[PDB]
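One file, final.txt, carrying compact mmCIF, C-alpha atoms and all ligand atoms:
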# COMPACT_ATOMS: atom_id res chain seq x y z
CA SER C 1 -49.23 -167.73 126.67
CA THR C 2 -46.57 -167.83 129.40
CA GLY C 3 -43.33 -166.08 130.33
CA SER C 4 -40.36 -167.08 132.48
CA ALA C 5 -37.46 -164.83 133.50
CA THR C 6 -34.55 -165.19 135.87
CA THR C 7 -34.28 -162.67 138.71
CA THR C 8 -30.86 -161.93 140.20
CA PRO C 9 -29.77 -160.27 143.47
CA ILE C 10 -28.13 -156.88 142.87
CA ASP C 11 -25.46 -157.51 145.50
CA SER C 12 -24.13 -160.03 148.03
CA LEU C 13 -26.80 -159.13 150.60
CA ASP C 14 -29.85 -159.59 148.32
CA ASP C 15 -30.73 -155.91 148.83
CA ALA C 16 -32.99 -156.13 145.77
CA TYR C 17 -33.52 -158.30 142.69
CA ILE C 18 -33.33 -157.34 139.00
CA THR C 19 -35.04 -159.03 136.06
CA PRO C 20 -34.29 -158.27 132.39
CA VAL C 21 -37.14 -156.71 130.44
CA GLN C 22 -37.28 -156.00 126.70
CA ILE C 23 -38.81 -152.64 125.79
CA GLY C 24 -39.40 -151.28 122.31
CA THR C 25 -38.48 -152.19 118.75
CA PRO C 26 -35.71 -153.13 118.33
CA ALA C 27 -35.61 -154.36 121.90
CA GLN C 28 -33.88 -152.29 124.55
CA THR C 29 -33.16 -154.54 127.51
CA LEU C 30 -33.34 -152.90 130.96
CA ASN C 31 -32.90 -154.59 134.34
CA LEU C 32 -35.98 -153.79 136.39
CA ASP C 33 -36.96 -154.30 140.03
CA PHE C 34 -40.18 -156.31 139.97
CA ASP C 35 -42.28 -154.78 142.76
CA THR C 36 -45.50 -156.41 143.95
CA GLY C 37 -45.99 -153.40 146.27
CA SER C 38 -46.45 -150.80 143.50
CA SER C 39 -48.16 -150.47 140.13
CA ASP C 40 -45.98 -148.28 137.89
CA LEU C 41 -43.54 -149.54 135.24
CA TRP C 42 -40.97 -146.75 135.09
CA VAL C 43 -37.52 -146.54 133.61
CA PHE C 44 -34.40 -144.44 133.46
CA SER C 45 -34.50 -142.83 130.05
CA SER C 46 -32.95 -140.47 127.54
CA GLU C 47 -35.21 -137.88 129.21
CA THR C 48 -33.77 -138.34 132.71
CA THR C 49 -31.87 -135.30 134.02
CA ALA C 50 -28.27 -136.11 133.07
CA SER C 51 -26.78 -135.50 136.52
CA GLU C 52 -29.24 -138.03 137.97
CA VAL C 53 -28.02 -140.86 135.74
CA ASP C 54 -24.96 -142.74 137.03
CA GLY C 55 -24.40 -146.02 135.19
CA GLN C 56 -27.98 -147.16 134.60
CA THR C 57 -29.09 -148.42 131.21
CA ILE C 58 -31.60 -146.02 129.68
CA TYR C 59 -34.67 -146.41 127.50
CA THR C 60 -34.57 -144.11 124.45
CA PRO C 61 -38.09 -143.93 123.07
CA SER C 62 -37.02 -142.07 119.93
CA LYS C 63 -35.09 -145.21 118.91
CA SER C 64 -38.16 -147.43 119.28
CA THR C 65 -40.37 -147.63 116.21
CA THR C 66 -43.28 -148.86 118.34
CA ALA C 67 -43.05 -146.14 121.00
CA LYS C 68 -45.87 -143.57 121.10
CA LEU C 69 -46.01 -140.61 123.45
CA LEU C 70 -49.12 -140.81 125.61
CA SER C 71 -50.36 -137.28 125.12
CA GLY C 72 -50.68 -135.21 128.27
CA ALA C 73 -49.81 -138.08 130.59
CA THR C 74 -47.48 -137.63 133.56
CA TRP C 75 -46.57 -139.73 136.59
CA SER C 76 -45.02 -139.16 139.99
CA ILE C 77 -44.36 -141.69 142.70
CA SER C 78 -42.75 -141.91 146.12
CA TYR C 79 -41.76 -145.03 148.03
CA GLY C 80 -41.43 -146.03 151.67
CA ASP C 81 -37.76 -145.07 152.01
CA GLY C 82 -38.56 -141.55 150.84
CA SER C 83 -37.23 -142.09 147.34
CA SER C 84 -39.17 -140.79 144.35
CA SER C 85 -39.28 -140.40 140.59
CA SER C 86 -41.49 -138.71 138.00
CA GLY C 87 -41.86 -138.01 134.30
CA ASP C 88 -43.92 -138.59 131.16
CA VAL C 89 -45.37 -141.70 129.52
CA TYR C 90 -45.03 -143.72 126.33
CA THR C 91 -46.84 -146.83 125.22
CA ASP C 92 -44.56 -149.48 123.77
CA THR C 93 -44.05 -153.22 123.42
CA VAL C 94 -42.76 -154.87 126.58
CA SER C 95 -41.64 -158.49 126.92
CA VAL C 96 -40.65 -160.49 129.99
CA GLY C 97 -39.19 -163.92 129.60
CA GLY C 98 -40.92 -164.50 126.26
CA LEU C 99 -44.28 -162.98 127.22
CA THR C 100 -45.16 -159.89 125.18
CA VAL C 101 -47.58 -157.04 125.87
CA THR C 102 -48.22 -154.43 123.20
CA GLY C 103 -49.32 -150.95 124.22
CA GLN C 104 -47.86 -151.17 127.72
CA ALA C 105 -47.50 -147.85 129.54
CA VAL C 106 -43.78 -147.25 129.99
CA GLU C 107 -43.24 -144.35 132.34
CA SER C 108 -40.12 -142.44 131.35
CA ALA C 109 -38.30 -140.71 134.21
CA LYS C 110 -37.46 -137.04 133.88
CA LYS C 111 -36.42 -136.93 137.55
CA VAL C 112 -35.28 -139.53 140.04
CA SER C 113 -34.15 -139.08 143.65
CA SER C 114 -30.62 -139.68 144.88
CA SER C 115 -31.10 -143.27 146.06
CA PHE C 116 -32.11 -144.28 142.53
CA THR C 117 -29.15 -142.42 140.97
CA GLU C 118 -26.77 -144.05 143.44
CA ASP C 119 -27.90 -147.56 142.56
CA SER C 120 -26.35 -148.27 139.18
CA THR C 121 -27.79 -151.81 139.02
CA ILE C 122 -31.50 -150.89 138.88
CA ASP C 123 -32.75 -149.37 135.61
CA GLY C 124 -36.35 -148.91 136.84
CA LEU C 125 -39.30 -150.66 138.45
CA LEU C 126 -41.98 -152.99 137.13
CA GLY C 127 -45.03 -152.76 139.37
CA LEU C 128 -47.14 -155.88 140.03
CA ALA C 129 -49.61 -154.64 142.65
CA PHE C 130 -53.14 -153.72 141.59
CA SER C 131 -53.62 -151.16 138.84
CA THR C 132 -55.71 -148.95 141.16
CA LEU C 133 -52.35 -147.74 142.59
CA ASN C 134 -50.95 -146.66 139.22
CA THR C 135 -49.93 -142.98 139.37
CA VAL C 136 -50.36 -141.94 135.72
CA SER C 137 -52.49 -138.82 135.38
CA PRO C 138 -55.02 -137.88 134.06
CA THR C 139 -55.67 -141.43 132.78
CA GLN C 140 -54.53 -144.24 135.07
CA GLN C 141 -52.67 -147.06 133.29
CA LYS C 142 -52.58 -150.85 133.74
CA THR C 143 -49.70 -152.95 135.03
CA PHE C 144 -47.86 -155.43 132.83
CA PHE C 145 -49.65 -158.32 134.56
CA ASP C 146 -53.09 -156.75 134.17
CA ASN C 147 -52.42 -156.21 130.45
CA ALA C 148 -51.10 -159.77 129.99
CA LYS C 149 -53.70 -161.54 132.13
CA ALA C 150 -56.34 -162.47 129.61
CA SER C 151 -53.71 -163.95 127.28
CA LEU C 152 -52.06 -166.07 129.97
CA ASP C 153 -52.72 -169.80 130.22
CA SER C 154 -53.73 -169.10 133.85
CA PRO C 155 -54.15 -165.60 135.35
CA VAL C 156 -51.22 -165.91 137.75
CA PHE C 157 -47.59 -165.05 138.29
CA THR C 158 -45.12 -166.62 140.71
CA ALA C 159 -42.12 -165.31 142.61
CA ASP C 160 -39.30 -167.67 143.48
CA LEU C 161 -36.56 -165.46 144.91
CA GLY C 162 -33.19 -166.97 145.77
CA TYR C 163 -31.07 -166.59 148.87
CA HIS C 164 -27.73 -165.32 147.62
CA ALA C 165 -28.64 -166.89 144.31
CA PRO C 166 -30.74 -166.33 141.20
CA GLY C 167 -34.46 -167.14 141.13
CA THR C 168 -37.41 -166.94 138.80
CA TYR C 169 -40.54 -164.99 137.94
CA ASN C 170 -43.07 -167.01 135.94
CA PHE C 171 -46.21 -165.66 134.27
CA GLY C 172 -49.17 -167.80 133.36
CA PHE C 173 -48.25 -171.14 134.93
CA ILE C 174 -47.21 -172.83 138.16
CA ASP C 175 -43.95 -174.79 137.95
CA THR C 176 -44.79 -177.81 140.09
CA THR C 177 -41.10 -178.77 140.20
CA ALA C 178 -40.12 -175.53 141.95
CA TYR C 179 -41.49 -176.24 145.43
CA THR C 180 -41.89 -179.04 147.96
CA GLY C 181 -45.17 -180.26 149.45
CA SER C 182 -48.32 -178.29 148.66
CA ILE C 183 -49.14 -174.67 148.00
CA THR C 184 -51.37 -173.22 150.72
CA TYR C 185 -53.67 -170.51 149.42
CA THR C 186 -54.90 -167.65 151.59
CA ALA C 187 -57.37 -164.77 151.11
CA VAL C 188 -56.32 -161.39 149.70
CA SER C 189 -57.83 -157.98 150.26
CA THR C 190 -57.31 -155.57 147.38
CA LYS C 191 -58.86 -152.61 149.23
CA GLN C 192 -55.51 -150.84 149.60
CA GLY C 193 -54.29 -151.90 146.16
CA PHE C 194 -51.78 -154.44 147.56
CA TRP C 195 -51.49 -158.23 147.76
CA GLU C 196 -52.68 -157.94 151.36
CA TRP C 197 -53.25 -161.07 153.44
CA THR C 198 -53.34 -162.28 157.05
CA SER C 199 -50.66 -164.54 158.44
CA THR C 200 -51.84 -166.90 161.16
CA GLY C 201 -48.86 -166.40 163.47
CA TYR C 202 -45.17 -166.92 164.05
CA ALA C 203 -42.44 -168.82 165.90
CA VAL C 204 -38.86 -167.85 166.77
CA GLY C 205 -36.31 -170.62 166.28
CA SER C 206 -37.46 -173.88 167.85
CA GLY C 207 -39.96 -172.00 170.04
CA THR C 208 -43.69 -172.59 170.30
CA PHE C 209 -45.88 -171.20 167.52
CA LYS C 210 -47.93 -168.15 168.52
CA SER C 211 -51.32 -168.06 166.85
CA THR C 212 -52.07 -164.43 166.11
CA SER C 213 -53.39 -162.59 163.07
CA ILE C 214 -50.80 -160.49 161.25
CA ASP C 215 -52.20 -158.45 158.37
CA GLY C 216 -49.55 -157.48 155.84
CA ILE C 217 -48.55 -157.24 152.21
CA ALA C 218 -46.53 -159.59 150.00
CA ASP C 219 -44.00 -157.11 148.63
CA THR C 220 -41.14 -158.20 146.41
CA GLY C 221 -39.90 -154.58 146.15
CA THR C 222 -39.17 -154.33 149.88
CA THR C 223 -35.95 -155.95 151.10
CA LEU C 224 -36.78 -156.70 154.72
CA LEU C 225 -39.52 -158.26 156.85
CA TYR C 226 -41.44 -155.55 158.72
CA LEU C 227 -43.66 -156.84 161.54
CA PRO C 228 -45.34 -155.55 164.71
CA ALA C 229 -43.01 -154.33 167.46
CA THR C 230 -44.09 -157.12 169.82
CA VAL C 231 -43.14 -159.81 167.30
CA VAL C 232 -39.85 -158.18 166.39
CA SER C 233 -38.91 -157.75 170.07
CA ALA C 234 -39.62 -161.44 170.67
CA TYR C 235 -37.33 -162.35 167.77
CA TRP C 236 -34.33 -160.19 168.71
CA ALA C 237 -34.60 -161.15 172.40
CA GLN C 238 -33.26 -164.56 171.26
CA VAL C 239 -30.06 -162.99 169.91
CA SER C 240 -27.46 -162.16 172.57
CA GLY C 241 -26.41 -158.52 172.32
CA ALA C 242 -29.08 -157.48 169.82
CA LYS C 243 -30.63 -154.06 170.38
CA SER C 244 -32.73 -151.46 168.65
CA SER C 245 -30.51 -148.57 167.66
CA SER C 246 -32.22 -145.25 167.08
CA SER C 247 -29.03 -143.93 165.44
CA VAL C 248 -28.74 -146.78 162.94
CA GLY C 249 -32.51 -146.99 162.38
CA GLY C 250 -33.46 -150.44 163.64
CA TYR C 251 -32.33 -153.62 165.28
CA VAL C 252 -28.65 -154.43 165.05
CA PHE C 253 -26.82 -157.47 166.38
CA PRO C 254 -23.25 -158.70 166.90
CA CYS C 255 -21.95 -160.02 163.61
CA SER C 256 -20.56 -163.01 165.58
CA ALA C 257 -24.09 -164.17 166.48
CA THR C 258 -25.86 -167.23 165.14
CA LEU C 259 -29.37 -166.07 164.23
CA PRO C 260 -32.44 -168.21 164.94
CA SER C 261 -34.93 -168.99 162.23
CA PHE C 262 -38.28 -167.22 161.99
CA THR C 263 -41.45 -169.10 161.05
CA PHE C 264 -44.65 -167.47 159.75
CA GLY C 265 -48.07 -169.07 159.33
CA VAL C 266 -50.05 -169.36 156.13
CA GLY C 267 -53.30 -170.92 157.22
CA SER C 268 -52.27 -174.16 158.90
CA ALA C 269 -48.98 -174.23 156.96
CA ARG C 270 -45.65 -172.85 158.10
CA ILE C 271 -42.87 -171.13 156.15
CA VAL C 272 -39.46 -171.23 157.85
CA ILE C 273 -37.03 -168.39 157.21
CA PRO C 274 -33.50 -169.66 158.01
CA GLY C 275 -31.54 -167.48 160.42
CA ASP C 276 -28.93 -166.51 157.86
CA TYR C 277 -31.63 -164.90 155.67
CA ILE C 278 -32.03 -162.34 158.47
CA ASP C 279 -28.37 -161.20 158.34
CA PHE C 280 -27.83 -157.95 156.36
CA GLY C 281 -24.20 -157.60 157.28
CA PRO C 282 -22.08 -154.84 158.81
CA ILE C 283 -23.86 -151.53 159.34
CA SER C 284 -20.84 -149.83 157.74
CA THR C 285 -17.74 -151.35 156.18
CA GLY C 286 -15.59 -153.04 158.80
CA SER C 287 -18.12 -152.80 161.64
CA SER C 288 -18.83 -155.79 163.88
CA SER C 289 -22.42 -154.57 164.32
CA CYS C 290 -24.75 -156.15 161.76
CA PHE C 291 -28.14 -154.97 160.50
CA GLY C 292 -31.15 -157.16 161.12
CA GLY C 293 -33.48 -158.42 158.42
CA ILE C 294 -36.57 -158.36 160.67
CA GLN C 295 -37.58 -154.85 161.72
CA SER C 296 -40.55 -153.08 163.30
CA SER C 297 -43.38 -151.86 161.12
CA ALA C 298 -44.51 -149.44 163.85
CA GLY C 299 -43.61 -146.33 161.84
CA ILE C 300 -45.04 -147.64 158.54
CA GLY C 301 -48.72 -148.27 159.13
CA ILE C 302 -48.67 -151.71 157.56
CA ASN C 303 -46.75 -154.96 157.96
CA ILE C 304 -44.60 -155.94 155.00
CA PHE C 305 -43.65 -159.45 154.00
CA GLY C 306 -40.67 -158.35 151.94
CA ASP C 307 -37.88 -160.36 150.34
CA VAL C 308 -36.57 -161.81 153.63
CA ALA C 309 -39.90 -163.65 153.98
CA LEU C 310 -40.77 -164.23 150.33
CA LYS C 311 -37.39 -165.73 149.43
CA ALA C 312 -38.10 -168.58 151.90
CA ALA C 313 -41.11 -169.60 149.78
CA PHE C 314 -42.50 -170.26 146.34
CA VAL C 315 -45.20 -167.60 146.11
CA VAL C 316 -48.24 -167.58 143.82
CA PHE C 317 -49.91 -164.27 143.00
CA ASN C 318 -53.28 -165.53 141.80
CA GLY C 319 -55.06 -162.87 139.73
CA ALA C 320 -58.34 -164.75 139.34
CA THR C 321 -61.55 -162.74 139.62
CA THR C 322 -61.15 -163.08 143.37
CA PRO C 323 -57.38 -162.84 143.88
CA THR C 324 -55.55 -165.08 146.35
CA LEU C 325 -51.97 -165.73 147.46
CA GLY C 326 -50.30 -169.11 147.61
CA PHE C 327 -47.21 -170.11 149.62
CA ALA C 328 -45.15 -173.30 149.45
CA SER C 329 -41.89 -174.35 151.03
CA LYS C 330 -39.01 -175.04 148.64
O1 LIG O 1 -36.74 -152.09 150.96
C1 LIG O 1 -36.92 -150.69 150.77
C2 LIG O 1 -36.67 -150.54 149.24
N1 LIG O 1 -35.20 -150.57 148.97
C3 LIG O 1 -34.82 -150.72 147.53
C4 LIG O 1 -33.72 -151.74 147.36
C5 LIG O 1 -32.65 -151.45 146.36
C6 LIG O 1 -32.35 -151.39 147.83
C7 LIG O 1 -37.30 -149.23 148.67
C8 LIG O 1 -38.66 -149.48 148.04
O2 LIG O 1 -39.57 -149.43 149.15
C9 LIG O 1 -38.82 -149.03 150.28
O3 LIG O 1 -37.67 -148.37 149.77
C10 LIG O 1 -38.36 -150.28 151.10
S1 LIG O 1 -38.45 -150.04 152.91
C11 LIG O 1 -40.14 -149.60 153.19
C12 LIG O 1 -40.44 -148.78 154.27
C13 LIG O 1 -41.74 -148.34 154.47
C14 LIG O 1 -42.74 -148.73 153.60
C15 LIG O 1 -42.45 -149.56 152.54
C16 LIG O 1 -41.16 -150.00 152.34
Translate this file's structure into structure tokens.
Ligand SMILES: O[C@H]1[C@H](NCC2CC2)[C@H]2CO[C@H](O2)[C@@H]1Sc1ccccc1
Amino acid sequence: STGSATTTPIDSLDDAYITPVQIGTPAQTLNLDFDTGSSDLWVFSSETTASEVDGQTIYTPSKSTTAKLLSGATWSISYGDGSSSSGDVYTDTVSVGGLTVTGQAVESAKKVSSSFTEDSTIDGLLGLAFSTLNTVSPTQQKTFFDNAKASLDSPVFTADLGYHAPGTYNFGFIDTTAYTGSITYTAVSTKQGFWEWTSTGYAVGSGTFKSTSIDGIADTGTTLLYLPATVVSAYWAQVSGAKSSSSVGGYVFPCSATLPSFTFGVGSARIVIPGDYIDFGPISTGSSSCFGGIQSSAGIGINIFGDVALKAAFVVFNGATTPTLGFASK
């Protein structure tokens, strides 16, 4: 089997991407944030505290003839930005782009934090990291990919995120028309539950490539590119007037600037992030100070190849017995 679904930016800055997902019988379609940095599939629901729902589409398990409460099961998660959600668990039928999993754990939110409430465009998350990170207690549950894997033509999924444009998530096959040149595969460590790999270095604009190992995670659920302070300083030093602002919470730059590209290494291959991918627009409406799309990971504990990096590539999440990651230009 295979599946193929279009993923769409939630706003003009590509702050996140949403992908339609069918849950239950009859289908209830929710727009979920596919997140390769977490392992819970959770949704706004009929159980979510009413004051914490503000325009999201909800899953109503009582209207699904295939929904079954998973007795005694609860979940609770918190993300890097300090947002969180929690609730109870159903199993139900879940389909993505024509690929169907029966008995998928669908984690129904009873509570969500303010950031989730305030984002009307995201109805929940679909985790695609390793199932060892799944938060369901007392019995940990499998991700959609882990449940689908054995049925797939090939045990893989691919992320092809667009810049200011729709893109695609494919399950079970590699669309050889969706990239240029070859896909370069690189080793993954699953020891922290992430698609964790080591980039071979970087360049800023037309500058010389610096060979240096950068361990980080391929994370579709993180908007920006978070890298070591040394690397980030080298990037922003090439932008006149750019500075790290403690008040704003990172590097900002004059909106009149032309940003240089940023290249990262995948083995001997190179992925080039165009400068405009690194522009996240005015810090507040009407400001001429713009927020940068490359930021320091110093306060995080891990480097994160988020959407700013991934959208510059066709990315293969290879879930073979020994997982690997593939990157191609496009
Ligand atoms: O990019 C943000 C995400 N924003 C959601 C998007 C709709 C706007 C969420 C999910 O994860 C964090 O908060 C990351 S920042 C991060 C920081 C430290 C560690 C990991 C990630």
CA of residue 276 (chain C) to CA of residue 261 (chain C) measures 7.8 Å
Protein and nucleic residues near ligand LIG 1 (chain O), 6 Å, all atoms listed in the file, as a PDB file with C-alpha atoms, in the frame of the given file:
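In the end it all went to result_38.pdb:
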ATOM      1  CA  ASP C  15     -30.730-155.910 148.830  1.00  0.00           C
ATOM      2  CA  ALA C  16     -32.990-156.130 145.770  1.00  0.00           C
ATOM      3  CA  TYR C  79     -41.760-145.030 148.030  1.00  0.00           C
ATOM      4  CA  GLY C  80     -41.430-146.030 151.670  1.00  0.00           C
ATOM      5  CA  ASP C  81     -37.760-145.070 152.010  1.00  0.00           C
ATOM      6  CA  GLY C 221     -39.900-154.580 146.150  1.00  0.00           C
ATOM      7  CA  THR C 222     -39.170-154.330 149.880  1.00  0.00           C
ATOM      8  CA  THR C 223     -35.950-155.950 151.100  1.00  0.00           C
ATOM      9  CA  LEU C 224     -36.780-156.700 154.720  1.00  0.00           C
ATOM     10  CA  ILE C 300     -45.040-147.640 158.540  1.00  0.00           C
TER      11      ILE C 300
END
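Comparing the minimum interatomic distances between residue 128 (chain C) and each of C:290, C:183, C:32, C:69, counting all atoms listed in the file, we find that C:32 sits nearest.
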Option closest in space to residue 100 (chain C), from C:317, C:171, C:291, C:116 [counting only C-alpha atoms]:
C:171
Contacts of residue 228 (chain C) within 7 Å, all atoms listed in the file, excl. fewer than 3 positions in-chain, as a ChimeraX atom specification:
/C:231-232,296-298,303
Quick one: everything within 9 Å of residue 316 (chain C), counting only C-alpha atoms, minus sequence neighbours fewer than 6 positions away in the same chain. Send it as a ChimeraX atom specification.
/C:156-160,174,183,185,324-328
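A straight line drawn from CA of residue 92 (chain C) to CA of residue 126 (chain C) is 14.1 Å long.
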Taking only C-alpha atoms into account, which of C:220, C:56, C:135, C:176 comes nearest residue 307 (chain C)?
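Between C:220, C:56, C:135, C:176, the residue approaching residue 307 (chain C) most closely is C:220.
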Quick one: residues within 8 Å of residue 99 (chain C), only C-alpha atoms, excluding same-chain residues fewer than 5 positions away - as number ranges by chain?
C: 1-4, 171
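Nearest to residue 165 (chain C) of all the residues C:277, C:305, C:37, C:196 is C:277, counting only C-alpha atoms.
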Place a sphere of radius 12 Å on (-26.8, -145.0, 147.3) in the file coordinates and name every protein, DNA or RNA residue with an atom inside or on its surface, counting all atoms listed in the file; give the answer as a VMD selection string.
chain C and resid 15 52 54 81 83 113 to 122
Selection near region 200-214 of chain C, 10 Å with all atoms listed in the file, sequence-local residues under 5 positions removed, as a PDB file with C-alpha atoms, keeping the file's coordinate frame:
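Everything below was put into part22.pdb:
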ATOM      1  CA  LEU C 227     -43.660-156.840 161.540  1.00  0.00           C
ATOM      2  CA  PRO C 228     -45.340-155.550 164.710  1.00  0.00           C
ATOM      3  CA  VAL C 231     -43.140-159.810 167.300  1.00  0.00           C
ATOM      4  CA  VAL C 232     -39.850-158.180 166.390  1.00  0.00           C
ATOM      5  CA  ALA C 234     -39.620-161.440 170.670  1.00  0.00           C
ATOM      6  CA  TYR C 235     -37.330-162.350 167.770  1.00  0.00           C
ATOM      7  CA  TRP C 236     -34.330-160.190 168.710  1.00  0.00           C
ATOM      8  CA  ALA C 237     -34.600-161.150 172.400  1.00  0.00           C
ATOM      9  CA  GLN C 238     -33.260-164.560 171.260  1.00  0.00           C
ATOM     10  CA  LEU C 259     -29.370-166.070 164.230  1.00  0.00           C
ATOM     11  CA  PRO C 260     -32.440-168.210 164.940  1.00  0.00           C
ATOM     12  CA  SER C 261     -34.930-168.990 162.230  1.00  0.00           C
ATOM     13  CA  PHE C 262     -38.280-167.220 161.990  1.00  0.00           C
ATOM     14  CA  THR C 263     -41.450-169.100 161.050  1.00  0.00           C
ATOM     15  CA  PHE C 264     -44.650-167.470 159.750  1.00  0.00           C
ATOM     16  CA  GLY C 265     -48.070-169.070 159.330  1.00  0.00           C
ATOM     17  CA  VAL C 266     -50.050-169.360 156.130  1.00  0.00           C
ATOM     18  CA  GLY C 267     -53.300-170.920 157.220  1.00  0.00           C
ATOM     19  CA  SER C 268     -52.270-174.160 158.900  1.00  0.00           C
ATOM     20  CA  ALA C 269     -48.980-174.230 156.960  1.00  0.00           C
ATOM     21  CA  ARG C 270     -45.650-172.850 158.100  1.00  0.00           C
ATOM     22  CA  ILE C 271     -42.870-171.130 156.150  1.00  0.00           C
ATOM     23  CA  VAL C 272     -39.460-171.230 157.850  1.00  0.00           C
ATOM     24  CA  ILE C 273     -37.030-168.390 157.210  1.00  0.00           C
ATOM     25  CA  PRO C 274     -33.500-169.660 158.010  1.00  0.00           C
ATOM     26  CA  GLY C 275     -31.540-167.480 160.420  1.00  0.00           C
ATOM     27  CA  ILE C 302     -48.670-151.710 157.560  1.00  0.00           C
ATOM     28  CA  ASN C 303     -46.750-154.960 157.960  1.00  0.00           C
ATOM     29  CA  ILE C 304     -44.600-155.940 155.000  1.00  0.00           C
TER      30      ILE C 304
END
Counting all atoms listed in the file, which of C:140, C:182, C:147, C:39 gets nearest to residue 93 (chain C)?
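Of all the options, C:147 lies closest to residue 93 (chain C).
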When you draw a straight line from CA of residue 19 (chain C) to CA of residue 167 (chain C), how long is it in Å?
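That distance, rounded to one decimal, is 9.6 Å.
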Taking (-35.8, -140.2, 141.0) in the file's coordinates as the center, which residues reach within 10 Å of it, counting only C-alpha atoms, put as number ranges by chain?
C: 43-44, 48-49, 52-53, 76-78, 83-87, 109-117, 124
Pick from C:283, C:229, C:30, C:217 nearest to residue 106 (chain C), counting only C-alpha atoms:
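Once distances to residue 106 (chain C) are computed over only C-alpha atoms, the minimum belongs to C:30.
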Spatial neighbours of residue 65 (chain C), max dist 12 Å, all atoms listed in the file, sep filter under 4 positions, as number ranges by chain
C: 23-28, 60-61, 69, 90-93
